[PDB]
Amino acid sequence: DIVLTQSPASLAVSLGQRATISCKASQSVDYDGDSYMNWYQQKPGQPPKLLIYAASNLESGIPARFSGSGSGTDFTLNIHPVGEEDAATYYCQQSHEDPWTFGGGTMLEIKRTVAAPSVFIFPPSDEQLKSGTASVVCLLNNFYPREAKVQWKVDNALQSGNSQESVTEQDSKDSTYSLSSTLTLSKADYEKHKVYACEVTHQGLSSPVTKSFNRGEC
């Protein structure tokens, strides 16, 4: 098979600047003056989108901020100027001989200004408490960079092993992330404690932010 090695695996590029992604093939993909290498963009929930075909041809409808170069075994995809909407994973793919093979992908992060999260806490709903389980949700909205620490405290005791986090893909309009953390307790354990707190640490915050509620106090 023709093996394709992409580099880097992940790349962060400043808004407005140039992103360059490399793809190296284990054998030449040239024939009769054309280089049989393609580039795709993929965002979560969507199929891949063809950007560049035969190394340098811009697919109709794709912005000319995208360009491709190279021949033989060495190819590049260039994006300039980078915009918020370019956050995505990019793949090379060769069409020279079967099996058709893809590179491993490169995730592109768009580097924007630091933005602190806005933090919100949600108690379990009365509807859910009818069922014997309690989900407590902490939301961190529209922050950058991605690194963030969320710690749960119940009656000031730090929790471990009973929460799960989910982070959005980078936003295609403002280049921020958002994060949800869900603390799961049995109803029996939930009613044994009073203070439920989410503590958030992030580069954009001068000191950790804590959001909390007292069970039943509403």
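The numbering used is simple: start at 1 and walk along the sequence shown.
- When the C-alpha B-factors of 47-55 and 151-159 are averaged, 151-159 comes out higher.
- Of the two segments examined, 105-113 and 122-130, it is 122-130 that shows the higher average Cα temperature factor in the deposited entry.
- When the Cα B-factors of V195, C23, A19, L15 are read from the PDB record, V195 comes out highest.
- Split the chain's modelled residues into thirds by C-alpha temperature factor. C218 is in the highest one.
- Sort the chain's modelled residues by C-alpha temperature factor and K173 lands in the middle third, per the entry.
- In this PDB entry, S181 carries a Cα temperature factor that places it within the middle third of its chain's modelled residues.
- In the PDB entry, a CA B factor belonging to the middle third of its chain's modelled residues is recorded for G61.
- For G68, the recorded CA B-factor ranks within the lowest third of the chain. Only modelled residues enter the ranking.
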